[PDB]
């Protein structure tokens, strides 16, 4: 089961600067305003739904992503996230890619930000 994105607000849209899109940190918010339900892979799918939306608004896609940074509270959780990341960046793989332990907002287990070319 895939899912629909949260509506994009002013602050969740990211910013476009000299032809590059810099998404904000996209968390696994549903269109309710609630952390989606599941283990960490389900949250990751949601983060991706949210990525796809703000990419699309800004005139970008996963194919023009040139960097993606994964935030998580525990580096143990990386492998499950990367399991999921591989379905979206598959035959395209962003040239640079960081994972980085961080305080997430309440009930979030994963946040992703991406830099992307706006053709």
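Positions refer to the first chain, counted from 1.
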(request) Between 44-52 and 77-85, name whichever shows the higher mean Cα B factor according to the PDB entry. (result) 77-85
(request) With reference to the PDB entry, specify whether the mean Cα temperature factor is higher for 104-112 or for 20-28. (result) 104-112
(request) Tell me which of 70, 58, 65, 36 tops the list for C-alpha B factor in the record. (result) 36
(request) Taking the chain's C-alpha temperature factors as the reference, tell me which third residue 4 falls into: lowest, middle or highest. (result) highest
